Amino acid sequence: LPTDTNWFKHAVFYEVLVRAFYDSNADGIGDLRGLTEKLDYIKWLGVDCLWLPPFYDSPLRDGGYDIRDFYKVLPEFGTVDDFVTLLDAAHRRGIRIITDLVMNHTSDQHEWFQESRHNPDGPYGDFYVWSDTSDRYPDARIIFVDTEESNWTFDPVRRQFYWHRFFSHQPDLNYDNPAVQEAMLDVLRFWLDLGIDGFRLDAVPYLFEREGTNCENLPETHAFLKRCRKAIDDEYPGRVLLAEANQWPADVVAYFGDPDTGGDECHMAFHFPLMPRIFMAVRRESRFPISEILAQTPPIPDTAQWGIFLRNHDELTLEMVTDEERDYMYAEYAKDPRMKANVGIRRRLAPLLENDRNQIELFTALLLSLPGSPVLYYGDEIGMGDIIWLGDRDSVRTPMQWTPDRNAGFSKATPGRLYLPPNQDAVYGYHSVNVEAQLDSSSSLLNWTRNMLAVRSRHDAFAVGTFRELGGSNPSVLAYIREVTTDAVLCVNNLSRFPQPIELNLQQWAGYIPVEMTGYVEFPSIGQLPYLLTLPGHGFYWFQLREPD
Amino acid sequence: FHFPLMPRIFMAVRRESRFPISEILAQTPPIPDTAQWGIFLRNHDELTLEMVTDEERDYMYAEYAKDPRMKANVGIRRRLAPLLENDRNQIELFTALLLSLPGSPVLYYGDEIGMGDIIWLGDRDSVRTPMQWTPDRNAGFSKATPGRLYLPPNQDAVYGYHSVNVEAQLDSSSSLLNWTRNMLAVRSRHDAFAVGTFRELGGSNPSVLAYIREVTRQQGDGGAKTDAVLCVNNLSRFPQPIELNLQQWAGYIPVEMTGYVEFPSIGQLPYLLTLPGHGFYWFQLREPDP
Amino acid sequence: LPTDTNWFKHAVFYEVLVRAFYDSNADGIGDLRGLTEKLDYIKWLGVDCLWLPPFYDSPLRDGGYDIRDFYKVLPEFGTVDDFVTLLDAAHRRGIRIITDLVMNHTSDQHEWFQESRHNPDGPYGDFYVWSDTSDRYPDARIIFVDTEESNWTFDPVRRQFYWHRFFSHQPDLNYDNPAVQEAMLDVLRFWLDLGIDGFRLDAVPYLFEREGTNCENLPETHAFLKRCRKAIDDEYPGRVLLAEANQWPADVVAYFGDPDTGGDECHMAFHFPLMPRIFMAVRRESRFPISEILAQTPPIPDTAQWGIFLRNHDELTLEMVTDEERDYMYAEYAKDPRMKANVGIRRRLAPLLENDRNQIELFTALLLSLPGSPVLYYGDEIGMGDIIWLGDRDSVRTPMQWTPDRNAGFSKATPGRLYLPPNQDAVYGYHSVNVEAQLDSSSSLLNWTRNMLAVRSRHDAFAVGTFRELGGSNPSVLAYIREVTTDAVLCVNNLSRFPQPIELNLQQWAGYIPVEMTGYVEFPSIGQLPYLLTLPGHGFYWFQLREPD
Ligand SMILES: [Ca+2]
Ligand SMILES: [Ca+2]
Ligand SMILES: [Cl-]
Ligand SMILES: [Cl-]
Ligand SMILES: [Cl-]
Ligand SMILES: [Cl-]
Ligand SMILES: [Cl-]
Ligand SMILES: [Cl-]
Ligand SMILES: [Cl-]
Ligand SMILES: [Cl-]
Ligand SMILES: [Cl-]
Ligand SMILES: [Cl-]
Ligand SMILES: [Mg+2]
Ligand SMILES: [Mg+2]
């Protein structure tokens with residue numbers, strides 16, 4: 001695709017798992033050719049970039065975040081040639097593709113690790129972090145404290161301990177070895193040469209360890225990220241790096257790099273607390289949890305962008321971000337029985353909201369109008385459910401529900417051969433929830449979602465506009481303006497389950513005509529008196545503020 | 001019974017215009033003080049399966065045949081949800097109208113949970129299938145074998161008893177059942193719905209039907225139960241503004257009935273209300289404080 | 001097809017409703033083009049001739065047995081050209097087609113009747129049976145006694161009464177008018193010229209009325225049937241006429257015509273009491289109800305053949321045949337709560353047998369091995385259920401269940417537009433019972449049924465062989481031999497729900513080797529001692545009796 005260094009600021013992303021989308025070869029597992037065959041749907045929906053979770057060769061002990069070979073596609077998905085076919089077909093439709101790349105560690109099945117343990121004096125001997133003792137780095141917490149007794153594991157072949165921030169079968173790479181830094185840069189270039197549009201870099205806060213520190217966010221870690229950005233800048237302009245740092249927003253800004261250069265590390269990073277705050281704002285019928293999180297988020301470099309999504313947990317660690325000192329809602333999450341029940345489990349949007357269509361629309365409207373580039377998760381656009389018993393992550397990784405036919409139209413294989421089963425319950429089951437059934441009526445969730453994407457795409461203000469919170473009489477309503485300079489939009493959102501009035505001081509736009517964006521009806525022009533808007537429970541409106549003749 | 005009401009409401013929504021409703025109400029002659037109209041959300045009389053019409057006096061006479069939904073169901077009783085293609089917003093709108101327009105309303109069993117129908121059973125029997133109490137065997141209507149039921153329950157993915165039943169709706173405050181029960185409770189506390197006058201307010205926007213209903217008020221009353229009520233109904237599928245001339249109620253405070261939120265007091269200027277597609281509001285008009 | 005005057009004796013028929021089989025045009029109603037597109041399935045199943053119930057233009061007030069135009073296909077099915085397309089496609093596969101033709105009456109919407117009533121002095125004035133009184137023919141019973149107050153109805157246009165044996169909207173044709181006889185012969189020739197292989201002639205016992213008689217089975221009625229047979233014989237050799245006479249078998253033999261000519265009326269007629277007797281034989285665990293009905297059936301002409309099927313009711317009148325004087329089981333049917341519940345309602349095979357797979361196989365084995373040409377009803381080969389609330393006839397006329405997809409794969413229309421809905425219950429619903437699901441395992445009812453048809457087709461004895469009941473020690477077991485002279489088969493059937501032994505005197509075949517027909521295992525050769533066979537509850541065996549070396 002022609003280079004366009006700001007495409008990611010205007011993009012709506014769609015996170016879609018290769019294994020889950022479409023099985024074209026009847027082995028019961030989604031594949032790259034299958035995903036390629038469904039690109040017309042993705043184009044029609046109106047998203048701009050696919051985000052694929054790891055599809056590399058892997059023993060799949062930790063969902064594929066345990067990588068066995070960075071250079072090879074998991075065989076059941078296809079080969080590198082199928083990946084290029086997918087890339088070309090997407091680009092032909094103006095769709096880009098990014099993927100997750102785990103930087104911190106590999107599977108213990110990786111040939112580098114097997115050489116490291118079997119041949120310590122060989123070229124891979126120092127590719128991992130080895131020690132005669134388990135005493136080093138004692139200030140680093142154990143991320144998976146209920147599963148791992150220690151961040152050090154004794155290897156029976158090498159008879160030394162090796163370091164791992166994640167599970168024991170995921171040994172950490174030794175970034176103090178210059179050959180490791182070059183090998184990982186080479187992985188980046190391999191996929192960039194194939195034509196991938198970018199990566200989400202995963203587990204990067206953990207790259208370097210140092211005594212006297214908690215071994216996260218070290219300056220040498222940021223230094224390596226600068227090398228990655230520089231390689232991109234110099235060799236592949238127009239590609240993107242996204243940071244997965246599950247930290248309070250103030251701490252995450254460091255991952256965009258030096259502000260004096262306009263940003264010299266990641267182009268994007270995720271704003272994790274957004275969904276938990278929106279969720280609590282609705283539970284409490286108060287705009288404040290949202291107002292406060294946005295107001296307290298520091299400025300980022302102008303060429304950079306936050307990523308946002310409607311999830312309460314990071315998919316790598318299954319942890320919800322928080323901060324004892326800087327999060328006023330810190331103790332409040334535990335008081336909410338809905339938040340409490342789902343601790344450490346990914347859930348889809350409809351189940352998080354008890355399948356309340358009004359709330360699904362409200363949360364989606366906020367996702368599409370708040371500052372940042374939004375990520376939609378595959379299946380949320382039809383209101384798919386999840387199956388929590390499959391696992392904390394696999395809960396939301398069931399097959400895409402295309403039709404009410406056998407296997408939800410995901411596969412021609414026998415049901416017992418599917419990698420995971422489709423939902424089969426009365427509410428979320430494929431007999432009632434599927435793409436085919438929603439294609440017809442203009443009032444389905446799918447068509448509503450598609451229309452909202454079309455509307456958003458016609459207003460640059462949503463992607464790159466300023467953000468001005470309007471306050472107002474009523475704390476149950478969140479109202480704001482997005483503006484870019486010629487394009488100005490007003491968004492009003494009712495966090496209460498009951499109808500609410502709001503009087504807004506819109507004097508600065510006096511004379512302007514609010515045009516509602518779905519039906520194009522012209523509302524009364526703005527005057528010097530406060531503008532009354534009335535919303536039903538959980539309702540919202542988007543208005544284009546049109547200049548007077 | 002006032003038979004043309006539902007066909008006119010149905011057409012008003014199809015047309016996104018208040019007039020088919022404005023008109024049948026305006027043209028309905030006054031009736032004795034002792035008397036009351038009965039109203040219901042059906043397009044056919046159950047005895048004859050005929051829809052009432054009149055070549056000379058119904059301006060919509062030829063228009064019904066032009067609507068394919070209307071045409072398909074000629075001579076067949078259908079339940080409310082199926083008539084409205086299971087659109088929850090429309091079910092609420094039609095129900096709000098049924099509960100606030102003049103007359104005494106009749107709800108049909110099962111419409112409060114959004115039951116479907118089974119047209120193949122017959123032109124009347126379509127709507128006479130068992131009440132769906134639970135997702136159990138026979139929808140919890142009977143312990144008999146299924147082959148012995150007088151008629152079978154709905155079994156499809158949309159309306160079937162595994163999905164649509166009383167038990168499933170009892171829990172959530174947001175179910176259609178709980179919403180309907182709350183609307184009935186609200187109505188029962190406001191006399192103007194049952195015996196109030198009817199004053200159509202007109203307004204800038206033809207897509208919105210607005211009216212006020214008032215109690216004449218005699219001896220030993222004064223309270224919410226006898227306060228005037230204001231109802232506003234959006235017949236368009238899109239969000240709509242409406243500006244109302246309520247100057248005779250200057251100073252009164254509209255209080256929305258379900259959540260009890262006070263809206264700005266009525267002034268001499270036109271009062272702006274904004275509605276989502278197919279939305280409605282009910283307000284108690286409270287007399288101001290001296 | 002090349003003429004073969006005995007094809008009907010070797011045929012397995014498949015009764016299939018055009019409206020129910022396959023909707024190719026997405027109007028929700030099965031059609032001729034759709035039936036044509038499913039001929040590969042019909043060929044694969046292994047049936048030899050389709051039997052289509054009436055598909056003529058009709059207001060459908062009595063299931064299409066009320067005909068408005070004998071020369072026109074009901075428009076929603078297609079036109080005469082689609083019918084010829086179907087005919088040619090079937091013939092190409094070696095499949096023949098017969099259809100129901102109602103001879104006794106037309107709809108009151110038929111143009112003949114409208115002319116008869118409006119223009120009495122015109123050419124159609126005497127096409128129906130008119131009278132100033134309702135007094136004629138008082139000895140004729142009212143068939144539909146719960147619905148029709150009289151066999152005479154007063155017409156408000158002509159202001160005379162007209163005769164009808166069926167419903168009032170089905171006026172009887174006047175066969176004493178020679179122009180009526182010629183017009184009906186012309187209907188026969190029209191369809192024969194198109195290429196149809198034959199007709200089931202319906203309601204023929206009622207053609208003529210005479211004072212002093214009950215107006216059934218009159219000699220003039222048989223005389224007209226001889227005209228039909230003669231027209232066939234002379235102009236279209238190799239076509240077939242089937243009689244629908246719901247009468248005791250002794251009375252039905254008259255419909256084959258004069259034995260001295262080898263039969264000069266219908267080629268075939270149905271043996272209605274067979275299923276009720278098999279049903280009662282199983283209920284009582286005794287072979288006698290079957291033995292007796294077969295033994296008491298008189299010989300028929302050698303070029304003629306009984307038709308047999310697994311139904312308890314005639315589809316025209318919804319009556320079960322019986323005889324107060326000649327049926328020893330006459331009072332017994334009412335004592336059986338299963339028979340009692342289903343009086344006057346068509347039910348499919350699986351529901352009649354409470355979905356007991358062992359019994360479905362037993363009844364099917366009997367259908368395929370007893371004397372006569374069997375008719376399979378569409379859907380029974382996969383074990384379809386019925387929906388009794390749809391009506392006494394429409395109970396068994398729901399869409400063919402092809403797949404577990406939307407509308408059971410019968411149509412692409414919306415479900416609310418289907419002519420009738422598919423079964424949706426946990427036992428018989430299309431999510432569990434459909435062709436697709438049964439295609440795979442060799443042990444499905446569909447594949448079992450197909451294999452039984454293949455086996456039957458390889459032994460002429462089943463079609464045209466003699467029938468010798470073997471008696472035996474055990475009254476719970478029905479054993480017989482079918483033989484043609486070189487091909488001899490032994491069938492043994494356990495009517496008891498428990499395992500049963502039977503000792504058979506097979507001395508006449510001493511030395512012969514019984515070879516079981518499904519697995520081809522050779523059983524001990526027959527000697528002079530009685531041959532012991534042991535069967536599980538409701539089991540059966542078919543053996544080929546092979547000549548010794
Ligand atoms: Ca590390
Ligand atoms: Ca007759
Ligand atoms: Cl995947
Ligand atoms: Cl590869
Ligand atoms: Cl994540
Ligand atoms: Cl989550
Ligand atoms: Cl009525
Ligand atoms: Cl109706
Ligand atoms: Cl048919
Ligand atoms: Cl035709
Ligand atoms: Cl029959
Ligand atoms: Cl039957
Ligand atoms: Mg696959
Ligand atoms: Mg059709």
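Sequential numbering from 1, following the chain as shown.
Recorded method is X-ray crystallography, 1.8 Å.
Backbone N, Cα and C atoms are what each Cβ position is placed from, and that goes for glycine too.
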Of C:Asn104, C:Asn119, C:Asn312, C:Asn342, the one that Swiss-Prot places in the same Ca(2+) site as C:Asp172, C:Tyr206, C:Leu207, C:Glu209 is C:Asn104
If you measure from the C-alpha of C:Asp172 (Ca(2+) binding site), which of the recorded positions C:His105, C:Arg200, C:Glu244, C:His313, C:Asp314 fall inside 10 Å?
-> C:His105
Taking the Cβ of C:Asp202 (active site, nucleophile) as centre, how many other Cβ atoms lie within 10 Å?
-> 23
At the Cα level, what's the spacing in Å between C:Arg200 (substrate binding site) and C:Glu244 (active site, proton donor), rounded?
-> 7
Check: min Cα-Cα distance from C:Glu244 (active site, proton donor) over binding-site residues C:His105, C:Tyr206, C:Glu209, C:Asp314 goes to C:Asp314
Residue from C:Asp62, C:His105, C:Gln170, C:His313, C:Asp314 whose C-alpha is spatially nearest that of C:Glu209 (Ca(2+) binding site), among the binding-site residues = C:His105
Between C:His313 (substrate binding site) and C:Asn104 (Ca(2+) binding site), the C-alpha gap once rounded to whole angstrom | 20
Which residues does C:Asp314 (substrate binding site) neighbour through Cβ under 8 Å, counting only same-chain ones at least six apart?
-> C:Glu244, C:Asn246, C:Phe272, C:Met320, C:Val321
Binding-site residues C:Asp62, C:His105, C:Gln170: which have a Cα within 10 Å of C:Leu207 (Ca(2+) binding site)?
-> C:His105
Could you tell me which three-state DSSP class C:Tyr206 (Ca(2+) binding site) falls into?
-> helix
Measure the Cβ-based neighbour count of C:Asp172 (Ca(2+) binding site), defined as the other Cβ atoms within 10 Å of its Cβ.
-> 22
Just jot down the residues in the same chain as C:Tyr206 (Ca(2+) binding site), at least 6 apart in sequence, with C-beta under 8 A of its C-beta; none if empty.
-> C:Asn104, C:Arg165, C:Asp172, C:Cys215, C:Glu216, C:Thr221
Integer Å distance between the CA atoms belonging to C:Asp62 (substrate binding site) and C:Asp202 (active site, nucleophile) = 14
